[PDB]
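Asks: Coordinates in input29.txt, compact mmCIF, N, CA, C and O atoms and all ligand atoms, are listed below.
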# COMPACT_ATOMS: atom_id res chain seq x y z
N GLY A 1 29.21 9.06 -27.53
CA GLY A 1 27.71 9.10 -27.66
C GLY A 1 27.03 7.77 -27.30
O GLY A 1 27.17 6.77 -28.04
N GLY A 2 26.28 7.71 -26.19
CA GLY A 2 26.08 8.84 -25.31
C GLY A 2 24.99 9.79 -25.74
O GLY A 2 25.05 10.94 -25.44
N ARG A 3 23.95 9.29 -26.39
CA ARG A 3 23.00 10.19 -27.02
C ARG A 3 21.64 9.59 -27.22
O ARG A 3 21.50 8.35 -27.24
N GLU A 4 20.62 10.44 -27.36
CA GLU A 4 19.29 9.92 -27.62
C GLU A 4 18.48 10.87 -28.45
O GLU A 4 18.70 12.08 -28.46
N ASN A 5 17.53 10.29 -29.20
CA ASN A 5 16.75 11.04 -30.11
C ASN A 5 15.67 11.84 -29.37
O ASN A 5 14.98 11.31 -28.52
N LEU A 6 15.54 13.12 -29.73
CA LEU A 6 14.52 14.05 -29.14
C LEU A 6 13.09 13.53 -29.28
O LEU A 6 12.26 13.68 -28.40
N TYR A 7 12.79 12.94 -30.42
CA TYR A 7 11.42 12.50 -30.69
C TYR A 7 11.08 11.21 -29.99
O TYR A 7 9.93 10.99 -29.55
N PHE A 8 12.09 10.40 -29.72
CA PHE A 8 11.89 9.22 -28.94
C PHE A 8 11.53 9.64 -27.49
O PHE A 8 10.80 8.99 -26.75
N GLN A 9 12.02 10.80 -27.09
CA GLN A 9 11.85 11.31 -25.75
C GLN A 9 10.66 12.24 -25.57
O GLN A 9 10.62 13.01 -24.63
N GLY A 10 9.71 12.19 -26.50
CA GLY A 10 8.43 12.92 -26.33
C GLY A 10 8.34 14.31 -26.91
O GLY A 10 7.36 14.99 -26.67
N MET A 11 9.34 14.75 -27.69
CA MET A 11 9.36 16.13 -28.12
C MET A 11 8.49 16.40 -29.36
O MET A 11 8.26 17.59 -29.69
N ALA A 12 8.02 15.36 -30.06
CA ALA A 12 7.09 15.55 -31.21
C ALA A 12 5.68 15.85 -30.68
O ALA A 12 5.25 15.24 -29.71
N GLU A 13 4.92 16.71 -31.37
CA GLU A 13 3.50 16.88 -30.98
C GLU A 13 2.75 15.62 -31.31
O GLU A 13 1.98 15.14 -30.48
N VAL A 14 3.04 15.06 -32.48
CA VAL A 14 2.49 13.75 -32.88
C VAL A 14 3.62 12.80 -33.34
O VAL A 14 4.47 13.15 -34.14
N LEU A 15 3.61 11.59 -32.77
CA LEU A 15 4.64 10.60 -33.11
C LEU A 15 3.98 9.29 -33.49
O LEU A 15 3.13 8.78 -32.76
N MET A 16 4.43 8.74 -34.62
CA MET A 16 4.07 7.39 -35.03
C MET A 16 5.24 6.41 -34.91
O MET A 16 6.36 6.70 -35.37
N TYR A 17 4.93 5.24 -34.36
CA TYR A 17 5.83 4.09 -34.36
C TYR A 17 5.27 3.07 -35.34
O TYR A 17 4.09 2.75 -35.31
N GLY A 18 6.12 2.56 -36.23
CA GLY A 18 5.67 1.51 -37.14
C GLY A 18 6.80 0.76 -37.82
O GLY A 18 7.92 0.88 -37.45
N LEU A 19 6.43 -0.09 -38.75
CA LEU A 19 7.36 -0.75 -39.63
C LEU A 19 7.06 -0.27 -41.04
O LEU A 19 5.91 -0.23 -41.46
N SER A 20 8.13 -0.08 -41.80
CA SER A 20 8.03 0.55 -43.13
C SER A 20 7.35 -0.40 -44.09
O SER A 20 6.80 0.04 -45.14
N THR A 21 7.45 -1.69 -43.79
CA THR A 21 6.90 -2.79 -44.57
C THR A 21 5.47 -3.16 -44.24
O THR A 21 4.86 -4.01 -44.93
N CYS A 22 4.90 -2.52 -43.24
CA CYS A 22 3.57 -2.94 -42.77
C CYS A 22 2.46 -2.12 -43.44
O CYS A 22 2.52 -0.89 -43.36
N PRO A 23 1.45 -2.76 -44.04
CA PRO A 23 0.43 -1.98 -44.75
C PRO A 23 -0.48 -1.15 -43.87
O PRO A 23 -0.95 -0.12 -44.30
N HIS A 24 -0.67 -1.57 -42.62
CA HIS A 24 -1.43 -0.75 -41.64
C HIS A 24 -0.70 0.49 -41.29
O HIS A 24 -1.28 1.55 -41.20
N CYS A 25 0.60 0.34 -41.13
CA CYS A 25 1.52 1.48 -40.86
C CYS A 25 1.59 2.42 -42.03
O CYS A 25 1.54 3.63 -41.84
N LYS A 26 1.68 1.88 -43.24
CA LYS A 26 1.62 2.71 -44.48
C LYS A 26 0.36 3.56 -44.54
O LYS A 26 0.41 4.74 -44.87
N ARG A 27 -0.79 2.95 -44.30
CA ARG A 27 -2.08 3.63 -44.31
C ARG A 27 -2.12 4.78 -43.26
O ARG A 27 -2.57 5.88 -43.51
N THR A 28 -1.62 4.47 -42.08
CA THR A 28 -1.58 5.45 -41.00
C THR A 28 -0.66 6.63 -41.36
O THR A 28 -1.01 7.77 -41.13
N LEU A 29 0.50 6.35 -41.96
CA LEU A 29 1.39 7.40 -42.43
C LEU A 29 0.69 8.33 -43.44
O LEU A 29 0.80 9.56 -43.37
N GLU A 30 -0.02 7.74 -44.39
CA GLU A 30 -0.75 8.52 -45.38
C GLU A 30 -1.88 9.32 -44.73
O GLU A 30 -2.14 10.45 -45.14
N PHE A 31 -2.52 8.76 -43.71
CA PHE A 31 -3.50 9.53 -42.95
C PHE A 31 -2.90 10.79 -42.37
O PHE A 31 -3.49 11.86 -42.45
N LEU A 32 -1.77 10.62 -41.69
CA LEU A 32 -1.10 11.73 -41.00
C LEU A 32 -0.64 12.74 -42.00
O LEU A 32 -0.75 13.94 -41.76
N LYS A 33 -0.16 12.29 -43.15
CA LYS A 33 0.29 13.24 -44.19
C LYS A 33 -0.83 14.11 -44.66
O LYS A 33 -0.65 15.32 -44.90
N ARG A 34 -1.97 13.48 -44.91
CA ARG A 34 -3.16 14.13 -45.43
C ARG A 34 -3.75 15.09 -44.38
O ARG A 34 -4.24 16.19 -44.69
N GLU A 35 -3.62 14.72 -43.11
CA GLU A 35 -4.14 15.52 -42.02
C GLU A 35 -3.49 16.89 -41.93
O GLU A 35 -4.12 17.88 -41.49
N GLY A 36 -2.22 16.97 -42.29
CA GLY A 36 -1.55 18.26 -42.35
C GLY A 36 -0.91 18.68 -41.03
O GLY A 36 -0.46 19.82 -40.90
N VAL A 37 -0.89 17.76 -40.06
CA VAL A 37 -0.26 17.96 -38.76
C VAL A 37 1.25 17.70 -38.86
O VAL A 37 1.68 16.94 -39.70
N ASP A 38 2.06 18.45 -38.10
CA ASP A 38 3.47 18.15 -37.95
C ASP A 38 3.48 16.85 -37.21
O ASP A 38 2.86 16.77 -36.16
N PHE A 39 4.18 15.85 -37.72
CA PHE A 39 4.35 14.59 -37.06
C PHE A 39 5.72 14.01 -37.41
O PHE A 39 6.39 14.42 -38.37
N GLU A 40 6.15 13.08 -36.58
CA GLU A 40 7.35 12.35 -36.78
C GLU A 40 7.03 10.85 -36.83
O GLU A 40 6.08 10.40 -36.17
N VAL A 41 7.87 10.10 -37.52
CA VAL A 41 7.71 8.61 -37.60
C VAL A 41 9.03 7.93 -37.25
O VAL A 41 10.10 8.39 -37.67
N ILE A 42 8.93 6.89 -36.43
CA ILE A 42 10.04 5.98 -36.18
C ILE A 42 9.73 4.62 -36.80
O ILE A 42 8.79 3.93 -36.39
N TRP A 43 10.56 4.23 -37.78
CA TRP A 43 10.47 2.92 -38.40
C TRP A 43 11.39 1.96 -37.61
O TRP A 43 12.66 2.03 -37.67
N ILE A 44 10.76 1.05 -36.93
CA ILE A 44 11.45 0.18 -35.99
C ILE A 44 12.31 -0.78 -36.80
O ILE A 44 13.39 -1.20 -36.36
N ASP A 45 11.87 -1.11 -38.01
CA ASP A 45 12.65 -1.96 -38.87
C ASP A 45 13.97 -1.38 -39.39
O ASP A 45 14.82 -2.13 -39.92
N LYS A 46 14.08 -0.06 -39.35
CA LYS A 46 15.32 0.66 -39.72
C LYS A 46 16.30 0.80 -38.56
O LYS A 46 17.40 1.31 -38.74
N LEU A 47 15.89 0.35 -37.38
CA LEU A 47 16.73 0.25 -36.19
C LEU A 47 17.29 -1.15 -36.04
O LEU A 47 16.73 -2.10 -36.57
N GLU A 48 18.36 -1.29 -35.28
CA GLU A 48 19.00 -2.60 -35.06
C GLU A 48 19.38 -2.71 -33.60
O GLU A 48 19.63 -1.70 -32.93
N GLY A 49 19.44 -3.95 -33.13
CA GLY A 49 20.09 -4.27 -31.86
C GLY A 49 19.41 -3.60 -30.67
O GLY A 49 18.20 -3.65 -30.54
N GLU A 50 20.20 -2.99 -29.80
CA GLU A 50 19.67 -2.37 -28.59
C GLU A 50 18.81 -1.16 -28.87
O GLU A 50 17.87 -0.90 -28.12
N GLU A 51 19.14 -0.41 -29.93
CA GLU A 51 18.34 0.76 -30.28
C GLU A 51 16.90 0.28 -30.68
O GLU A 51 15.89 0.86 -30.25
N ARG A 52 16.83 -0.81 -31.46
CA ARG A 52 15.53 -1.40 -31.79
C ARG A 52 14.79 -1.89 -30.55
O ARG A 52 13.59 -1.64 -30.39
N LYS A 53 15.50 -2.61 -29.67
CA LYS A 53 14.89 -3.15 -28.44
C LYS A 53 14.34 -2.04 -27.58
O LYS A 53 13.27 -2.16 -27.02
N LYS A 54 15.06 -0.93 -27.50
CA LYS A 54 14.62 0.20 -26.70
C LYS A 54 13.31 0.81 -27.22
O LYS A 54 12.41 1.13 -26.42
N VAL A 55 13.21 0.95 -28.55
CA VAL A 55 12.01 1.49 -29.17
C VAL A 55 10.83 0.54 -29.03
O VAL A 55 9.69 0.95 -28.75
N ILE A 56 11.13 -0.75 -29.19
CA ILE A 56 10.08 -1.78 -28.94
C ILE A 56 9.51 -1.70 -27.50
O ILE A 56 8.29 -1.78 -27.28
N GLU A 57 10.38 -1.55 -26.52
CA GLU A 57 9.94 -1.46 -25.15
C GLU A 57 9.17 -0.17 -24.93
O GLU A 57 8.18 -0.16 -24.19
N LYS A 58 9.56 0.88 -25.63
CA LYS A 58 8.82 2.15 -25.57
C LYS A 58 7.39 2.08 -26.12
O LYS A 58 6.44 2.56 -25.48
N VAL A 59 7.24 1.48 -27.27
CA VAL A 59 5.94 1.18 -27.88
C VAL A 59 5.05 0.42 -26.86
O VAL A 59 3.90 0.73 -26.70
N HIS A 60 5.63 -0.58 -26.20
CA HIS A 60 4.92 -1.40 -25.22
C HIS A 60 4.51 -0.57 -24.04
O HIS A 60 3.41 -0.71 -23.51
N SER A 61 5.38 0.34 -23.62
CA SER A 61 5.06 1.19 -22.48
C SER A 61 3.93 2.16 -22.79
O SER A 61 3.23 2.57 -21.88
N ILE A 62 3.71 2.49 -24.07
CA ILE A 62 2.59 3.35 -24.49
C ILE A 62 1.27 2.53 -24.70
O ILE A 62 0.26 2.84 -24.12
N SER A 63 1.29 1.45 -25.48
CA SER A 63 0.04 0.74 -25.85
C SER A 63 -0.26 -0.52 -25.01
O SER A 63 -1.36 -1.04 -25.10
N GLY A 64 0.72 -1.03 -24.27
CA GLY A 64 0.57 -2.28 -23.56
C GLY A 64 0.68 -3.48 -24.43
O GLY A 64 0.57 -4.59 -23.94
N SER A 65 1.01 -3.25 -25.71
CA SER A 65 1.14 -4.32 -26.69
C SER A 65 2.52 -4.25 -27.40
O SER A 65 3.31 -3.30 -27.20
N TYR A 66 2.80 -5.31 -28.15
CA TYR A 66 3.94 -5.28 -29.05
C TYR A 66 3.47 -5.20 -30.50
O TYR A 66 4.09 -5.78 -31.42
N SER A 67 2.38 -4.48 -30.72
CA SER A 67 1.87 -4.23 -32.08
C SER A 67 2.04 -2.79 -32.52
O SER A 67 2.23 -1.86 -31.73
N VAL A 68 1.94 -2.63 -33.84
CA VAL A 68 2.01 -1.32 -34.49
C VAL A 68 0.96 -1.31 -35.62
O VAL A 68 0.50 -2.38 -36.00
N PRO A 69 0.56 -0.12 -36.13
CA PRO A 69 1.08 1.23 -35.74
C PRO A 69 0.61 1.71 -34.38
O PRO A 69 -0.43 1.32 -33.90
N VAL A 70 1.43 2.56 -33.75
CA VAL A 70 0.99 3.33 -32.57
C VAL A 70 1.22 4.80 -32.86
O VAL A 70 2.30 5.20 -33.34
N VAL A 71 0.20 5.59 -32.67
CA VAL A 71 0.31 7.05 -32.83
C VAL A 71 0.01 7.66 -31.45
O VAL A 71 -0.99 7.37 -30.83
N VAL A 72 0.92 8.52 -31.05
CA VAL A 72 0.92 9.14 -29.73
C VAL A 72 0.80 10.63 -29.86
O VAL A 72 1.54 11.27 -30.65
N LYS A 73 -0.13 11.20 -29.11
CA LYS A 73 -0.21 12.68 -28.96
C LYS A 73 -0.44 12.99 -27.50
O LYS A 73 -1.52 12.67 -26.97
N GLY A 74 0.54 13.63 -26.85
CA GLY A 74 0.45 13.94 -25.41
C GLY A 74 0.40 12.62 -24.63
O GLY A 74 1.21 11.73 -24.91
N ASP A 75 -0.62 12.48 -23.79
CA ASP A 75 -0.84 11.26 -23.00
C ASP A 75 -1.78 10.28 -23.61
O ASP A 75 -2.04 9.25 -23.00
N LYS A 76 -2.23 10.54 -24.86
CA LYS A 76 -3.20 9.66 -25.52
C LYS A 76 -2.51 8.93 -26.67
O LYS A 76 -1.47 9.34 -27.12
N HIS A 77 -3.07 7.79 -27.08
CA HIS A 77 -2.53 7.07 -28.20
C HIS A 77 -3.65 6.33 -28.93
O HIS A 77 -4.74 6.16 -28.42
N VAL A 78 -3.34 5.93 -30.16
CA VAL A 78 -4.18 5.00 -30.91
C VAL A 78 -3.29 3.85 -31.35
O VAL A 78 -2.20 4.05 -31.90
N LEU A 79 -3.75 2.61 -31.13
CA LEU A 79 -3.05 1.44 -31.55
C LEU A 79 -3.88 0.90 -32.70
O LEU A 79 -5.07 0.60 -32.54
N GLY A 80 -3.22 0.82 -33.86
CA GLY A 80 -3.82 0.34 -35.11
C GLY A 80 -4.34 1.44 -36.03
O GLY A 80 -4.56 2.58 -35.59
N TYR A 81 -4.52 1.11 -37.30
CA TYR A 81 -5.13 2.01 -38.23
C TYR A 81 -6.64 2.05 -38.08
O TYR A 81 -7.38 1.07 -38.39
N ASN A 82 -7.12 3.10 -37.48
CA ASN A 82 -8.56 3.32 -37.35
C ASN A 82 -8.77 4.78 -37.60
O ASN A 82 -8.33 5.60 -36.79
N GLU A 83 -9.47 5.09 -38.67
CA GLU A 83 -9.53 6.51 -39.08
C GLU A 83 -10.28 7.39 -38.09
O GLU A 83 -9.89 8.52 -37.81
N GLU A 84 -11.39 6.88 -37.59
CA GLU A 84 -12.20 7.62 -36.64
C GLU A 84 -11.38 7.94 -35.38
O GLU A 84 -11.34 9.07 -34.94
N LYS A 85 -10.70 6.95 -34.84
CA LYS A 85 -9.89 7.13 -33.64
C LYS A 85 -8.70 8.04 -33.89
O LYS A 85 -8.37 8.88 -33.04
N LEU A 86 -8.08 7.94 -35.07
CA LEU A 86 -6.98 8.84 -35.39
C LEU A 86 -7.46 10.30 -35.54
O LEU A 86 -6.82 11.19 -35.05
N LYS A 87 -8.60 10.54 -36.20
CA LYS A 87 -9.15 11.89 -36.32
C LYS A 87 -9.46 12.44 -34.94
O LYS A 87 -9.02 13.51 -34.62
N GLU A 88 -10.09 11.65 -34.08
CA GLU A 88 -10.33 12.09 -32.70
C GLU A 88 -9.02 12.44 -31.92
O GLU A 88 -8.94 13.45 -31.21
N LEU A 89 -7.99 11.59 -32.05
CA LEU A 89 -6.72 11.83 -31.40
C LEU A 89 -6.13 13.16 -31.85
O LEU A 89 -5.70 13.96 -31.03
N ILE A 90 -6.10 13.40 -33.16
CA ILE A 90 -5.38 14.54 -33.75
C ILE A 90 -6.21 15.82 -33.55
O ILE A 90 -5.66 16.88 -33.26
N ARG A 91 -7.53 15.70 -33.65
CA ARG A 91 -8.36 16.91 -33.73
C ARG A 91 -8.92 17.27 -32.36
O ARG A 91 -9.04 18.47 -32.02
N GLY A 92 -9.30 16.25 -31.59
CA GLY A 92 -10.01 16.47 -30.33
C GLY A 92 -9.11 16.97 -29.24
O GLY A 92 -9.59 17.61 -28.29
MG MG B 1 -5.92 7.11 -25.38
MG MG B 2 -6.67 2.55 -29.59
Mind turning the file's structure into structure tokens?
Replies:
Amino acid sequence: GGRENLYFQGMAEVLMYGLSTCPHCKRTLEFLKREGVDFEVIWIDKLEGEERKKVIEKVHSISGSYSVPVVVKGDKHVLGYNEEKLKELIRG
């Protein structure tokens, strides 16, 4: 193995990238929970080594930054905890 995660590869309808220790990421997770949408989360801090580096580069390829949280739906994303932008992403 020789293997890769389905959700890393775009199969979630909604995907969050974050760190479990970050309060902006915590807030965004609680937003998504409350929203009631099926979503997945990748905690980059729970990854190590090349697997972590790969997810970091993926986050960058989506937002153009090395910051989190990033929430992705289809071809759109929100970088950071912003409730208005997250509601627009999920609902619009
Ligand atoms: Mg966008
Ligand atoms: Mg944004």
Asks: Which residues form the shell of 7 Å around ligand MG 1 (chain B) when you count all atoms listed in the file, given as a ChimeraX atom specification?
Replies: /A:75-78
Asks: Find the residues around range 24-39 of chain A up to 7 Å (all atoms listed in the file counted), leave out those fewer than 3 positions away in its own chain, and share them as a ChimeraX atom specification.
Replies: /A:12-21,68-69,80-82
Asks: Rank nothing, just name the residue among A:22, A:86, A:42, A:11 nearest to ligand MG 2 (chain B), using only N, CA, C and O atoms and all ligand atoms.
Replies: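 Looking at the shortest contact to ligand MG 2 (chain B), the residue is A:86.
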Asks: Skip residue 92 in chain A itself and residues of its chain fewer than 3 positions away, then list as a list in words all residues within 12 Å of it, counting only C-alpha atoms.
Replies: residues 73, 74, 76, 84, 85, 86, 87, 88 and 89 of chain A
Asks: With N, CA, C and O atoms retained, write the just-selected residues as a compact mmCIF listing (two decimals), in the frame of the given file.
Replies:
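Written out: again_16.txt:
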# COMPACT_ATOMS: atom_id res chain seq x y z
N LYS A 73 -0.13 11.20 -29.11
CA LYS A 73 -0.21 12.68 -28.96
C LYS A 73 -0.44 12.99 -27.50
O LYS A 73 -1.52 12.67 -26.97
N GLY A 74 0.54 13.63 -26.85
CA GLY A 74 0.45 13.94 -25.41
C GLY A 74 0.40 12.62 -24.63
O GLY A 74 1.21 11.73 -24.91
N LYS A 76 -2.23 10.54 -24.86
CA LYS A 76 -3.20 9.66 -25.52
C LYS A 76 -2.51 8.93 -26.67
O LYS A 76 -1.47 9.34 -27.12
N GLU A 84 -11.39 6.88 -37.59
CA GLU A 84 -12.20 7.62 -36.64
C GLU A 84 -11.38 7.94 -35.38
O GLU A 84 -11.34 9.07 -34.94
N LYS A 85 -10.70 6.95 -34.84
CA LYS A 85 -9.89 7.13 -33.64
C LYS A 85 -8.70 8.04 -33.89
O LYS A 85 -8.37 8.88 -33.04
N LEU A 86 -8.08 7.94 -35.07
CA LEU A 86 -6.98 8.84 -35.39
C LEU A 86 -7.46 10.30 -35.54
O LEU A 86 -6.82 11.19 -35.05
N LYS A 87 -8.60 10.54 -36.20
CA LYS A 87 -9.15 11.89 -36.32
C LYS A 87 -9.46 12.44 -34.94
O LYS A 87 -9.02 13.51 -34.62
N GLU A 88 -10.09 11.65 -34.08
CA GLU A 88 -10.33 12.09 -32.70
C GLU A 88 -9.02 12.44 -31.92
O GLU A 88 -8.94 13.45 -31.21
N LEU A 89 -7.99 11.59 -32.05
CA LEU A 89 -6.72 11.83 -31.40
C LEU A 89 -6.13 13.16 -31.85
O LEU A 89 -5.70 13.96 -31.03
Asks: Could you work out how far atom N of residue 79 in chain A lies from CA of residue 63 in chain A, giving the answer in Å with one decimal?
Replies: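 Between these atoms lies a distance of 6.8 Å.
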Asks: List every residue of chain A that DSSP, applied to the backbone, labels as helix (DSSP H, G or I), and write the result as a PyMOL selection string.
Replies: chain A and resi 23-35+44-46+49-63+83-91
Asks: Just how far from atom N of residue 1 in chain A is atom O of residue 54 in chain A, in Å to one decimal?
Replies: 18.6 Å
